[PDB]
Each structure stands twice: as structure tokens, then as C-alpha cells.
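S.K.: Let me give you the structure first, and then I'll get to my questions.
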Amino acid sequence: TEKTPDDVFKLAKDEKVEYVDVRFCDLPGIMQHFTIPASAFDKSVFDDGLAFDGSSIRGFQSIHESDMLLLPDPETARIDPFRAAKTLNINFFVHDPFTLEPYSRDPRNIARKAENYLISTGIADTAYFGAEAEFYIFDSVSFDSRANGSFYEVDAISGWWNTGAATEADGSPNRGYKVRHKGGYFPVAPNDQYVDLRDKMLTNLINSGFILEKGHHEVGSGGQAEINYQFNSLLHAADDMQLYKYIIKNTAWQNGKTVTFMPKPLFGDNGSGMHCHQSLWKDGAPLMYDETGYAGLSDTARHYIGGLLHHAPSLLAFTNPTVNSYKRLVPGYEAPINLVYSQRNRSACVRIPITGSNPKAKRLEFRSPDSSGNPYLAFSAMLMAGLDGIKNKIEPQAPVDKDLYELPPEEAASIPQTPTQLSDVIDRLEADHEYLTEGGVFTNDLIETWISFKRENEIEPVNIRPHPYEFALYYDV
Amino acid sequence: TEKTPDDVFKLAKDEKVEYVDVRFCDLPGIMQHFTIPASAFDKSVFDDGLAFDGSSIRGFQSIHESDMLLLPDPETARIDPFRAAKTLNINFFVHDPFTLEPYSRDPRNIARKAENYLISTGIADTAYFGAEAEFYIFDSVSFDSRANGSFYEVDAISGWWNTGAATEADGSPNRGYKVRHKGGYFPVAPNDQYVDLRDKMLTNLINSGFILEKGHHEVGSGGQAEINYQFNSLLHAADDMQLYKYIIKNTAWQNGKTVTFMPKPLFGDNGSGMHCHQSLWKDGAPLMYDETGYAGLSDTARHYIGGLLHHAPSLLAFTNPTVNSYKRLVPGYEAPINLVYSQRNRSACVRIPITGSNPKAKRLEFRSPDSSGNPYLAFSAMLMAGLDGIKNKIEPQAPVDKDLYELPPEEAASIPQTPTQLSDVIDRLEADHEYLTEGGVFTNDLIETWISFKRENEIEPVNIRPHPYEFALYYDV
Amino acid sequence: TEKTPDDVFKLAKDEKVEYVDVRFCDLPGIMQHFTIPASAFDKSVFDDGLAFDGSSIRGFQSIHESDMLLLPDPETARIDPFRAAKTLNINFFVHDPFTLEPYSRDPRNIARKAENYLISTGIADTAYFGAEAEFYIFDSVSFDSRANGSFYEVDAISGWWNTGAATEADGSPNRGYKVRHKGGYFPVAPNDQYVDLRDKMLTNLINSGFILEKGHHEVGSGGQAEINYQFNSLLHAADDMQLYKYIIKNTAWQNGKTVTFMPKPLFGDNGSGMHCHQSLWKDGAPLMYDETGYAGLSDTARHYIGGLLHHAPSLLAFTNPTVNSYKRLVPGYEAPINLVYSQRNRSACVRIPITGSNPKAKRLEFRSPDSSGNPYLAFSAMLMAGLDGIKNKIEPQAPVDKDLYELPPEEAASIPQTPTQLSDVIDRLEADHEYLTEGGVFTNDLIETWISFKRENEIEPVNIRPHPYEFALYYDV
Amino acid sequence: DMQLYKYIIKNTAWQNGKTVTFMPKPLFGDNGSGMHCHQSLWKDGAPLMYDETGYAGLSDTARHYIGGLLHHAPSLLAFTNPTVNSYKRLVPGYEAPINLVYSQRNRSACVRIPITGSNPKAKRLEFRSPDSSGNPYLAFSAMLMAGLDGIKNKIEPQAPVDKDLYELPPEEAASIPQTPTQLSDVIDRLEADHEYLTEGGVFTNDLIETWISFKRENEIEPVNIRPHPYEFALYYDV
Ligand SMILES: Nc1ncnc2c1ncn2[C@@H]1O[C@H](COP(=O)(O)O)[C@@H](O)[C@H]1O
Ligand SMILES: Nc1ncnc2c1ncn2[C@@H]1O[C@H](COP(=O)(O)O)[C@@H](O)[C@H]1O
Ligand SMILES: Nc1ncnc2c1ncn2[C@@H]1O[C@H](COP(=O)(O)O)[C@@H](O)[C@H]1O
Ligand SMILES: [Mn+2]
Ligand SMILES: [Mn+2]
Ligand SMILES: [Mn+2]
Ligand SMILES: [Mn+2]
């Protein structure tokens, strides 16, 4: 957006950087990389780019499309706080060597195309995304899948399921303060056993350019935590999310822990979601506010919500893209499965934060997403769903501020739910994805690849493997 | 059918029976019981019945319908070969104390109603069922489900996954012969390590009245086994299945093993199914044969097949009633998921055994079922599906004898598949179950109870619990 | 009371604070928190407040009342001595975002309302509270509750029950000095094994603004300890109590120990109580003294005592709010269960400290309370009970200075006792709580919530679980 | 016979490597163990509980007996459910016989009338609330005395309830009296009202006072002064 290639070279020189880490995003959502010496990092990298091979195998350029060209995004340049050798990390866009044409299956290109499409519609020129990803801090994790058995086990010294431990893992005495009490789930130390670690995470985020102001907090509940930061334009917000996960995971790693952003690592404890605040702006001014509308929402904002709610069944294929996503999105902890908007209900897919009369603070919050996938694709899909709602003036059903939990059974049957299985949302995406292909942001090719990837690599593998509970339930049949 | 109450009293006297075990079937399919002294077993038991309480809680008579009356079925009387104290086992029908009206939720009453309905339609007077249930013999099984972890583990000394064991569980040396070789899966000893156990099972079955003649074999492959026996009329065939499972499970138990009839206990090994051969007879003569028809099938037989194939999506709710059922019914080991009939294909839902010109041997084989449920309900549901096909002269799509595996992709898309999830078949049963309620054989009440039971006690519990493979797949997201 | 927002900003600047910990109290009594960077801590925090979500679930704003606004109390600002990253802790009041109306279920608001009500009655303008909370220092604690068993175990290297230990937990030799001798329970080292730890606690309290003067001591008996400090006005005294517990618990935690403020952690050893000294003042002058009255008590003071004794049965619902509270409040260690006032008896609910002729030192001491609950609610409830006694001129029964222990059985039957069970005091609170709702200090809403919380989360859970002693007593029945 | 039964059950298990318990609630999260007591009065070799015209085939004598059981239940339980553990079974849940009403359907009813038909010799009432944690001689005797007091004073039991007590309109369910939920309670009630027991000198005030003291000093107090494990889960962190 505003950082110049020269700013990056200055950063590299001042920091005495010795290596540059070339990063790009894979299909499912994990950042990939290779390293080059800082001496090889010059103007030609920004002008001509870097050559590399379609490596590994699914999503990207196979051996009929092999070679790729990588072009850097100066706004993503950050000094790595973990690598011993001073390193500068930069994210790249994948292009076709010959035509210099942005590769259609590169998640970062999709996000860029989404931003350009927004501008082309004239509706707005900027889509701001604020995402809040919760995560769990564990001490260990082990699992396997064999012919005659299977298991998984996550553990934490201070886990509430360990109150009866005679001694700790390391032989030291059990000092308590593990129990999860009724009344409040954000107790101070010593009940809060991750204060210093979270502070290290926060310190690393701040040193890595994250902006923490107004309602940006660092919070923890048991082993779960969340550190929210200032929003950003679509693409860069997605880059920020990847950076956040990287910083959270490695700060924990360097401090003897292991973090997971999976939706539901614990059965009988809160899942981890990614609440996404969105809003459209044009010429430096907000487009979501209107004193006369419900919850201070403009016609643009309401139509956007109409798109999100209407497209949710397919949108979730990018927004909650894993089998584990549906262990969180299930009746219980006031799961955002109710296809309605509200200001009160937290079990509503879309919630409008109470921000008052300030037009610049008005935004909508899509609560259903989680961080088990690709933020570039998720944010883009959310924008496309919202834009389709604006273009077709889709009206969302009447908002609900009455507590959805205690509602007369016949009146509660009028509240649509989100699909409860990944195979479902994948089927829905396959059946209805035209809003995604608008302006060429998503291609049928990418969408078909995503559908195949999920079915073959996730849905089928889990489905063919007997679940442990099936033995409790059926060994005796 | 032919045994008299006097025959039972003679059996009891001759065998010097000291206890009588009163058995009745619960909703899901497990036999329940209580014991009375032989001295209390007289004519009044057959005339007046025995009183008992709706005990335990789901399916049967709650505390608004509490007390039940049990009437004995003399044909089910058998001497228990396992109980130390000489005991006579007898199955009972649950009646309403006051009206002496057969309880509508007693599986054995449903099977009896199904047989009576058959007679009332005039179509036939007898429905013969031959069922072949495979099972696995293990040495141990353990599992659990906790907040931070879950596991399951089945094991057998001679399991092919144990070739590398330094020593056996009991410290003795590993003598090999565990490997599962290519070429033939029914090798003789010592590769076959369960010869004596299976013989004990067979001996117990024979001593318990099972008839083994013509094509009735005892077969074993690794830890898997099957002992087939002569068919019987619907109700008694279902009683025979319960007896078979009882004898197999306890023969193993008394010999230091543990048996499971669950559909898919091993990932990467054959599942366990229950192939059900069916045929209608009238006035002592077969109704399934016709030289002129395909595979020697009469119009009646073909229409029956039309009913099975047409109703399969809902029929499977009683025929493959567990979540584990769908780990077997999945693309692979030539799983009976293809909704077509054939003489060659074993992946076909219905197969017509090649029996020649003998009309008495002509029958159809529904291959899709497993023994993870209730045989009384499964057999009854199969009959009702077949009878609805006969009454509405439902024509099954053209049979397929070409190997279904290697079929041109466009021509293979014309082959309907069975649903791949329990939630699916339950949804289908809820939407279409009129063929079941014909003649009052099944009641909407029973069907709704079954649907609720499966959703609340099986589908939901498995669905909310993270699967071990999800950790392999998503811990790193 | 006297600290300015500017004083807080100066403290933050001088201490080079990097984080600000936002604290607020939950219903049962545990402080909650979330952290913001110091850079986000400015004048707008004091003027506009901070936004946050009704999080966790019971007591506070659900999803029909969701969002809350937090306003800081400058008098509670303290530098955290435990957090690695320099942090400033501040307590907040919960307000309604829209109306800026103090949330009726926020314990800190109740205490503030109580102080404002005092002023409105004209009776006095300040209520001073001096609280002395005892606690135990342990090395370990473990416990669990399962279907087939349950246990708990607290331990300390120097515990008197460990005299026979062959070697210590860490393998080191048993050096003795664990025995609890007759004659004196405050022996010097080495019998006193917590001298340095208690000094660290005291040092931390002093560095955190606690005032220790005249009769403020640091005392220890075995693993039990107490450090008393100077009183404060109601609200701030309650804030001081929370701070005290925080400092005691974390000083122990940082030094390899674990502290508990529970009423009765040890069976056969002294319980832990919270003696609360109270007194009313007006225009800078004491209102409790009168040379002519018994024990130097004024009419106002005597009526206050009348209120405490009259309302005790319900007052204890906030003053001794746990099931464990009644293991301390039981016939034995001269437990403050006798509903009378005195100067001699320590088993008297109210004791008047012998302070001489100095009017400024005259005060009453409610001995019955413990620190197992919420100090904001406890102190407020005590004030309301006392004020109701003053308004209705309630006369306490005649004081007793004769040793209550050795009293003629017929004359001892005239001494009322406090209820002996939490369910009892909760029932009494439900039946009589009008004195609490006076001036709107407590609302029926809050009181009903408290009653439900205790019944559902504490009373019922303990009541349904078999006690270990029941097995000693009844396994053999 | 009950004492013999317990002896035979306990020792058969003992000789076979097991250990048996008749305690009311040994397992948390599993069914408790009760002692359903069927009772009936006879005279000159003939039944006195039957009557075709009465509800559930009950005679005036039988109904009054039930009136005595339900009326005296609060104190009767001091001999019928005499232990602290007894109240872990007699608690809202597994359809615990805590509802002070009679019925033919409800198993959560203190008294249930078994459906036996028209045979007068089979008509009897079943007191479901008891357990075997005490003394059968005292329990059976106390039950008889409660029933006889009901017959002598023609105590009428409140209207029977055959509607499922579980799903009942909250305002209509508040009219159903419950049994006390604590041993200290039933002991207090026995102390306050035990005249029906002393009738004909069957029980003496002496025996009753001894029982009350025994329970308070040897059972109630000992359990009450000892912290429960769950209190640590609940309050160690206060
Ligand atoms: N247009 C916008 N204006 C202001 N904030 C926004 C906008 N679009 C997205 N946000 C994000 O809303 C998120 C926070 O939510 P909360 O859990 O309510 O504190 C932050 O991460 C914000 O920075
Ligand atoms: N009507 C019938 N006539 C002959 N056999 C039947 C009939 N109805 C069912 N069967 C059963 O067909 C089953 C065996 O199949 P297989 O695995 O091919 O040896 C046996 O269990 C038979 O006894
Ligand atoms: N009005 C008052 N004047 C003096 N001290 C007070 C007043 N109100 C409460 N106190 C508290 O009385 C407490 C101490 O008791 P002790 O265990 O006797 O040393 C201290 O914590 C005091 O500071
Ligand atoms: Mn949020
Ligand atoms: Mn077969
Ligand atoms: Mn004191
Ligand atoms: Mn009974």
C-alpha cells in the first residue's frame, strides 16, 4: 500500500540482514519458503522477480506448467524475531514466467484480484478486515492412525483435567490452580498460568508492526488466548493473519510450548474462532453507517449482510474449510450457526458491534469463521458474498435481538442454520459459486481444485477411519 | 412354529434344568434378561405370562406406561451351554398387561406382525431368511474419550500388524505365521490360528439346534470368521441370529478371547457384513423361480428386488443402523453400495446366487446389511420393502453382470449408490417410511423413536468429538 | 478517594510501564482481566471508558445484554510486582454502554452504592473496614471426582502429619521441626519454616501501598499465616483485600508454593477466617465511642451490632458464602457461631476490641466472616445490616463476658447460634433480604442470581457426590 | 430373612474373590441401591387390602395405611433410610422415590400399587423409598406403625397421580410434597413426631432417643466436620 522497495532495502541495510526469506502461500493456507543471501536481494528482485519450480504436488503448477516467477510485496517485509541469522521475511505473488500473468491458484493473487474488483464495481475502493483468531497453548501433542487402533492426546501442565496428577510431567509437585471456576473465565495469576508467554507474544507482534490501540486486547482463559490488533485492507489483513499465526506459534515454540489454531482441540471446552469485522470505504469515507437504519446500518451494509447470510452455505467452504471446523460449529457454546444478524446474540452468524454514532466505527462482524484455512481465500470469499448482496440488493431476513436460546420452538424453526458438515458446504460451493467467479476473482478451476482437495485429502480420509467412540458404542453389538 | 409348550417342559425335565432365563430384545438389538427358578416355570407362564417393569430407559415403557407382560415363544427354547447352573433360555414377546396387546415397540412383535401381514396380502404365507454374519476374534480391546484425548485399540496375538513384535504379550516368543499373504485368504494351519476355537463355536451351534447341510461352511481368514447355517422363517431367523451372536461371543469369551460383530473394527482390513438371502413361499411351494426370467427370477422376485433397490436409502436405517456401518459401506473392498442386482458383481446391493434349475433354491441375496443392529427390525424392513415392490410392481433398473469396477466413467455414473452416512439414511427414513407402516407392521411411533435414538445416542455423540486424524491433519493449521 | 487520573499517568510514565491490566470483579469474588498496551492508556480511558463483551457465562451480561463499558478507579492503580513486562494494574466499574448506568451486578458498583447510601441516610459519611484474612501455605494440592472414587490431598514439607517421613518429597532427609507443640503456636525458627516467605509477602504488600503501623503484624503458625494492615473506606478496603490475596498467592507461587484462603483446608487444624473491624465516621469524627456505654460503645454502635446479630442468618450468605465455610463455623476451635457481642469471648460473632478511652480507636469486630467469597458484597452486606439496625434502633441481646464454653447448660441454651449449612443461610437470605435492597444498594435481581449460583454451582454439586467418610461409615451396612 | 439374605450375598461374593456393598449410593453417576417393601395386612387367613370398587383395587384399610405412610414419611425415613449415604440416592434424578404420593404408574412415587389384577390375595402396596443401609427389624416395624396409625385415624392420602410426574406443569408440580433430603432432617422430624411409634409400647421413647443420639454423634456430626473432596475443586482457589 505505502511501503517502497527502497524502504525495504533500507530496513535490510539498517538491520544488517544476512538472509531474505522468500514466502508464498499454498492452497490450504500454510506459508511456504526458501532462503536467499541478502547480497542477492536487489532491485532486480522487484523488477524481474525470482524463479522457482512447482514443488511438492497439489494445487500449484505441475509438470505441464512447472516453473513459476515470484514478485515481492514490499508491505509484507518484516524482520524475523526467531531466526538466529538476521533474516528479512517478504511475501510474494506467483506469476507465469512468460506472460508475467498472475497465477490464478495463488491465494495472494485472489485477494489482490478481489480488491481490484471492488474498485471496478464503483461500490467502494477499500474493504477493511479486522480478524480475531483465538488459539490454544499446549505442552504436548501426539497422535497416530493404525490398522488396529488410533489415538490423539493434547496436554498442558495446567490443564483442568490434570487436577488429580500426583506429580507433574517433569516429576515436580502439583501446585494446583488448574481448575476452571464458575463466575469468570479470565482470572488473574496464578490461575492464569500463561501471563509471561502471552506478553512475549504481544511484544513480538508489536515489534513486528502490529498496531494495538483502542479496543485491542491481550486476553487469556486457561490455555486459550487471543491478541487482537488493528484492521487492514483485505490483502494485507490476510498477510497480517499469517504473520500473527507465525509469531504466536514460534514464540510458544521458543518457550517450550506448542500452539494450535485448530477449531476444536478440546472436547468439552471452548472452540477457537476467527471473528471477522468488515466494512467498505470510498474516498476516505465510511459507507456502512446510517442513523436511520437498524443498528446504524446503511443500505450498502444491510445488502452486504444479505449476501453473507444468503451465501453462507457455500461461503463456509472457504471460511470454515476443515472437518474439525464442524466440531466448533455445532449446537452448544452459542456457536455462530444461526443465519441471522443481531446486536445482542453471539450465536448469530453476523453481529453488529455496538459502536454508537461514530460512522467510522460502524462495521459488521462475521462470527462463523475459524483460522483452520486460508485467510486470503476466506476474506476474498466474504467480500464477494457481500458484493453480490449489494449488486442484487439482497435483503437479509429480519434481525433478532431476543435471546435465540430461549425462543418458542415454533418461532425458532424459522431461524436457518449453517451446514453441519464439511462435505455439505463443499457440495453447496460446487452447486453455487457464481458470486465467487464475478470479475474473475475466483476461477472455476480454483474452485474445482479446492473441492477435490477437500474431498480427497480431508473428507474421505477421516470418513473411512473408524472413530474411537464407535468402539464404545458398537464393539458389543 | 412347531415346538409345543410340552416339548419345552420335557426338555427342562430331561436336562435337569435349575433356572430359566427370560429373554427379550431391546430397541437397538441387544437381548435383555432376568432369571427365575425352574420350579416357577409351568403352564401359567405360557397362559398368563410373566410380569416385569419398564426397566432401564429408552425405547420401551416409561413411567406413564411402566409395567409389561412377557409371553414365551416355545420355538426359541435352548439349553445354555455356558452357564454353570443348568439353564434354559427362552425368548418372549412383550404385551400390555391389561389388553394383552402386543407392545408396538418390541422388535419381536414387529417381526411377528411382518409375518402375519405377509399372509394377509395373499402374496405368500412364508418369508425365508438366511443370514451370514461375519465377525472378528480379538485378544483385547480398550478405548476411551476424554477432554484432551481419545483412543481405541483392538489386538490379536496373530494380527498381521504384529510381525515385528520382539515377544508376545505374555512374554513368550513370536513364532510368526501372522502375515496376510497374497493369493489366498483362507490358508490352513499354522497360518490359520483359530481352527480349534471356530470348531468349538461350530460344535456349540450344532448342539444348540443349528442346521448345517449343503453349502453351510465354517470359514476363517486371519481373525475374521463366519459359520453359516440353514435359513428359517423371518421371526425365527432373527431369533437364530441373536442366538448365533450369543454362542459366538461366549464361546470366544470362555476361551480367553473377545469377539466383535461391528462392521469395521480394522482400518485396512475386510469389514464384517450380514448377507441376507430371502425368498417367498406359498402352500409349500417356491415363488421366486421362473426359467424364462433373467437369472431364473419370477415376476414376484423381480418386483421384490425393485422394492429393495427403490427403498434402500431408507431401508439401510434398519439394515446398516450404526455410524460404523458406513466405514464398511464405502468405496473399496467391492462394498455392496451399488443399487443394482446381478449374478456376478459382489459390489451389487442384490446378488442372485447361481443355483441352477432347482426352483426351491432360487433366492435373492441382499448383501448390504451388517450385524450392528436389530435382526428383527432389519429382516422385517427388508420384507416390507420387497412387498411394497410386489404390490406396486416396481421394476428394478436393468441388471449388470459386467464388472462394475472397470466401467466407462460416463456409463458408471448411471449406477446409483447407497447413502454414505447414518445421518443420511435416518433422514431418508424420516422422509419416506410408508412402506414400513403398511398393515401396521411398523408404527410411526416406533420409527420416530428409532430416528431420535440414533440422532441423540449415536450420530450427535460421534459428531461432536474430534477424530484423531483431525490432529494429524489440522494441529499445524 | 484522593488519587487523580494524572497521578496514575505519572506513575505509568515514571515506572516505564509497558502494559495496563484491566481488572474487574466477577460475582463469586475472583478478579478478571485483559491487557492493553500502555500506549493505549490515556485520558479517553477515564472519560469514555473501555468496551468489552459479557464473556464467560454466569452473573454478568448474557447475549440479550452482551456489551459492557469499563470505567477506571484511579485509587486502585498499582504496579504489578510479579509480571515480567512492567505492568500497571487498575480496577474498573462495569457500566451500561448506552446509559453509562452502573451495572447492578458488578460487585464494585454495589460497594460504591453502599457508600453513597450511607451518606444519603445522614447517619455518617464514611464506613471504615479493617479485615484480617488468614491463609495456608502448601507445597502441593491435588484432587478429583470420578464415578467410582474421589480424593483430595494438600501437603507441605513441614506439615505436622509428616513427622514419620523417611525422606522428603525431593529425596532429601527429614530434618524434623514439623511437630506442633503444646504451649505456644507462634514458635521462632526453625519450628517456623516460612519466615523468609512471609517477609517477602510483607515486603511486596508494603511496596504495593499497604500501610502497616500500630497493631499491624506479620504472624505465622505452622503453614498458616496472616499479615494485617491499615483499614480503609468500604469500597477501597474491599479492593485492598483482593490486592492482598493477589500478592499473597503470587508471592507464594513465585517461590515454589501454593496458597489457599479456603476456610477449612485441614481437618484437625485451625480454619482461616476474616475478622472484619468496622466503624462509622462523620465530618472527620468517630461515631462509635461513648464513655457511658458498655465497652465504650455509643447508641449508634450498639444498634449497628443489633443489626449484625439480627441479620446474621442471612448476612452469612455473603459473609461465609461457601460450603467449606461451614467446616470452620462448627462447634470447636471457639468458632464465632454465638450470636452475641463481647469483649472477652472469641467465640462471639461480634467482639469489641479493648482499645481504652481513645474514641478514634473504638470499633466493632465481626469475627464470623471468611475470605471464601466476594469482599465487595460481604462488606456492603455488613454495612446494610448495621444501618438497618441503626434506623430501626435494634437492641442486641445482653453482651456476655463470662466464658461461653463453661456455661450452665440451661443458661447456654439462651445463646443463639449461626446457621450451620450454606443451604440454610441461602434459604434465610431468600426469605429476608429487604435490609439489603434499601436505597437500591442490592437488587432483588442480584440477590436471586446469588441464590441460584450457590444452589446450582455449589450446594447441589457437593450434595449429590458421596463423601469418602460415607464409605468408612456405610460400605458394610 | 433380609439379614440372612445380606449374609448369604456378602459371603458368597467373599468366597469367590469379590466384595459386596448394600450401601445406597456407592457410585456417583450410576443407579443407587434400594429396598422396595411390599406390605399387606391379613386376618383369619384372608386378605384385607383388596376392593374392586376402590382406586387400584384398594380397600379402605389399604388406603388409610398409605395415608399413614405418606403422612409419617418425614419421620419414618429415620428408620427406613437411616444413613447419610441414603440421601445420595434419595435426590432428584433416577426417578428417586421422593414424591409423597401413591400411584400405579410412577416409580418416583413413595408408594406404588403393583398391577396385580382381580386376585385379592395379590393386592399389596409397595413402599419404594427404603434402602438396606439400616435395621430391617426397626424399618419394617416403623412402616407397620405408620400404616396402623393411618388406619386408626382414618388418614386420607392426597389424590393418587398416574400422570408422569417428571413432565408436569411447574405450578401443578409444586403441589407434590417431597421427602426430606438430609438425614439430620428426618432425625429432627422423628424427634418432633414419634407418637405413632410408641403406640402399644412397640417403640419406647428411650429407644427413639438412643437412635437419634447414635445418628447425630456417630454419623451426622462425623461426616459434617470433615471437608468433602469436591470442596477443594470448588474452593481451594477462593
Ligand atoms: N472499517 C473498519 N473500521 C473500524 N474497525 C474495523 C473496520 N473493518 C474491520 N475492523 C476490526 O474490528 C476488530 C475487533 O473486534 P472486537 O473483538 O469487538 O474488539 C478489530 O480487529 C478491528 O480493527
Ligand atoms: N427360500 C430359500 N431357499 C433356500 N435357501 C434360502 C431361502 N431363503 C433364504 N436362504 C439362505 O441362503 C444362505 C446362504 O448363502 P451362501 O454364502 O451363498 O452359502 C443360507 O444361510 C440359506 O440357508
Ligand atoms: N474506624 C476505625 N478506626 C480504627 N481502626 C479500624 C476502624 N475500622 C476498622 N479498623 C481495622 O481493625 C483491624 C485490626 O485488628 P487486630 O487483629 O485486633 O490487630 C485493622 O485491620 C484496623 O486497621
Ligand atoms: Mn468478537
Ligand atoms: Mn454371501
Ligand atoms: Mn482479630
Ligand atoms: Mn420393585
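Residue numbering restarts at 1 for every chain of the C-alpha cells, chains are lettered A, B, ... in their displayed order, and ligands are numbered from 1 as they appear.
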Show which residues sit within 7 Å of residue 107 of chain C, as a list in words. Count only C-alpha atoms, and ignore same-chain residues fewer than 2 positions away.
M.R.: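 Skipping anything fewer than 2 positions along the chain leaves residues 25, 27, 105, 109, 110, 111, 376 and 377 of chain C.
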S.K.: Once DSSP has gone over the backbone, tell me which residues of segment 87-325 of chain C are in helix (DSSP H, G or I), as an NGL selection string.
M.R.: :C and (107-121 or 160-162 or 195-207 or 234-254 or 294-296 or 299-319 or 325)
S.K.: Would you save the residues from that selection as a short mmCIF file (atom, residue, chain, number, x, y, z; two decimals), in the first residue's frame, using C-alpha atoms?
M.R.:
```
data_model
loop_
_atom_site.label_atom_id
_atom_site.label_comp_id
_atom_site.auth_asym_id
_atom_site.auth_seq_id
_atom_site.Cartn_x
_atom_site.Cartn_y
_atom_site.Cartn_z
CA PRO C 107 -19.66 -6.16 42.92
CA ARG C 108 -17.61 -2.96 42.85
CA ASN C 109 -20.73 -0.94 41.99
CA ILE C 110 -22.58 -2.48 44.94
CA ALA C 111 -19.82 -1.33 47.30
CA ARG C 112 -19.91 2.17 45.80
CA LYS C 113 -23.72 2.27 46.08
CA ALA C 114 -23.37 1.19 49.73
CA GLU C 115 -21.06 4.12 50.48
CA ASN C 116 -23.38 6.58 48.72
CA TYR C 117 -26.39 5.21 50.59
CA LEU C 118 -24.57 5.70 53.92
CA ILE C 119 -24.13 9.38 53.07
CA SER C 120 -27.77 9.71 51.98
CA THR C 121 -29.06 8.42 55.35
CA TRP C 160 2.92 -31.93 61.30
CA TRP C 161 1.41 -35.06 59.73
CA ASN C 162 4.79 -35.76 58.07
CA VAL C 195 9.92 -16.80 57.88
CA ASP C 196 11.58 -15.67 54.64
CA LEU C 197 8.47 -16.30 52.51
CA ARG C 198 6.21 -14.28 54.82
CA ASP C 199 8.77 -11.48 54.81
CA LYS C 200 8.67 -11.48 51.01
CA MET C 201 4.88 -11.27 51.17
CA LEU C 202 5.09 -8.39 53.67
CA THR C 203 7.74 -6.60 51.59
CA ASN C 204 5.52 -6.92 48.49
CA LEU C 205 2.48 -5.60 50.37
CA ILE C 206 4.43 -2.60 51.65
CA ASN C 207 5.81 -1.89 48.16
CA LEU C 234 -15.59 0.26 52.45
CA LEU C 235 -15.00 0.04 48.67
CA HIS C 236 -11.25 0.57 48.82
CA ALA C 237 -10.95 -1.84 51.75
CA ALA C 238 -12.54 -4.48 49.52
CA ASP C 239 -10.12 -3.56 46.71
CA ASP C 240 -7.28 -3.89 49.25
CA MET C 241 -8.47 -7.39 50.19
CA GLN C 242 -8.42 -8.51 46.55
CA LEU C 243 -4.93 -6.99 46.18
CA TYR C 244 -3.77 -8.69 49.39
CA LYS C 245 -4.94 -12.11 48.17
CA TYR C 246 -3.31 -11.47 44.79
CA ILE C 247 0.01 -10.53 46.40
CA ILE C 248 -0.05 -13.39 48.90
CA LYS C 249 -0.96 -16.01 46.28
CA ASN C 250 1.62 -14.91 43.72
CA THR C 251 4.49 -14.31 46.13
CA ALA C 252 3.99 -17.93 47.20
CA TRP C 253 3.66 -19.04 43.57
CA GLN C 254 6.93 -17.38 42.55
CA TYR C 294 -20.90 -0.79 77.73
CA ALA C 295 -17.43 -1.38 76.25
CA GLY C 296 -17.31 2.33 75.40
CA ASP C 299 -26.02 4.15 70.77
CA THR C 300 -25.12 4.10 67.07
CA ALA C 301 -22.52 1.35 67.58
CA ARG C 302 -24.85 -0.78 69.73
CA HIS C 303 -27.66 -0.53 67.17
CA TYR C 304 -25.19 -1.46 64.42
CA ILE C 305 -24.31 -4.58 66.45
CA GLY C 306 -28.04 -5.22 66.84
CA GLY C 307 -28.34 -5.23 63.06
CA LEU C 308 -25.40 -7.60 62.58
CA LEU C 309 -26.72 -10.09 65.15
CA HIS C 310 -30.32 -9.83 63.96
CA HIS C 311 -29.43 -10.24 60.28
CA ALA C 312 -26.61 -12.77 60.74
CA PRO C 313 -28.64 -15.76 59.47
CA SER C 314 -28.95 -14.11 56.05
CA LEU C 315 -25.83 -11.91 56.23
CA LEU C 316 -23.72 -15.08 56.29
CA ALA C 317 -24.85 -15.81 52.72
CA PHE C 318 -22.39 -13.09 51.61
CA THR C 319 -20.06 -13.22 54.58
CA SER C 325 -17.25 -22.04 55.20
#
```
S.K.: B:256, B:369, B:59, B:356: which is nearest ligand 5, counting only C-alpha atoms and all ligand atoms?
M.R.: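 Answer, going by the shortest atom-to-atom distance: B:369.
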S.K.: Which parts of segment 277-393 of chain B does DSSP call strand (DSSP E) when run on the backbone here, written out as a VMD selection string?
M.R.: chain B and resid 277 to 282 285 to 286 338 to 342 348 to 351 364 to 366
S.K.: Emit the selected residues as a PDB file, in the first residue's frame, including C-alpha atoms.
M.R.:
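Result saved to part-v6.pdb:
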```pdb
ATOM      1  CA  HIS B 277     -30.840 -64.443   1.425  1.00  0.00           C
ATOM      2  CA  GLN B 278     -34.595 -64.079   1.060  1.00  0.00           C
ATOM      3  CA  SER B 279     -37.378 -65.882  -0.727  1.00  0.00           C
ATOM      4  CA  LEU B 280     -41.189 -66.121  -0.590  1.00  0.00           C
ATOM      5  CA  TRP B 281     -43.145 -69.378  -0.471  1.00  0.00           C
ATOM      6  CA  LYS B 282     -46.843 -70.285  -0.553  1.00  0.00           C
ATOM      7  CA  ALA B 285     -44.030 -74.160  -2.962  1.00  0.00           C
ATOM      8  CA  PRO B 286     -41.433 -71.571  -4.114  1.00  0.00           C
ATOM      9  CA  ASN B 338     -24.234 -50.189  -5.968  1.00  0.00           C
ATOM     10  CA  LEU B 339     -28.025 -50.057  -6.256  1.00  0.00           C
ATOM     11  CA  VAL B 340     -28.386 -52.773  -8.903  1.00  0.00           C
ATOM     12  CA  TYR B 341     -28.929 -56.551  -8.985  1.00  0.00           C
ATOM     13  CA  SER B 342     -26.549 -59.062 -10.538  1.00  0.00           C
ATOM     14  CA  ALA B 348     -24.075 -55.035  -6.090  1.00  0.00           C
ATOM     15  CA  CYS B 349     -26.659 -54.473  -3.338  1.00  0.00           C
ATOM     16  CA  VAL B 350     -28.600 -57.503  -4.534  1.00  0.00           C
ATOM     17  CA  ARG B 351     -26.972 -60.613  -5.939  1.00  0.00           C
ATOM     18  CA  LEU B 364     -32.143 -63.174  -3.772  1.00  0.00           C
ATOM     19  CA  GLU B 365     -29.256 -62.029  -1.599  1.00  0.00           C
ATOM     20  CA  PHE B 366     -29.248 -58.545  -0.084  1.00  0.00           C
TER      21      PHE B 366
END
```
S.K.: Near chain B, meaning an atom within 7 Å, which residues of chain A appear when counting only C-alpha atoms? Write them as JSON, numbers by chain.
M.R.: {"A": [30, 143, 145, 147, 148, 149, 150, 151, 152, 153, 154, 155, 260, 261, 262, 266, 267, 268, 324, 327, 372, 373, 462, 463, 464, 465, 466, 467, 468, 469, 470, 472, 474, 475, 476, 477]}
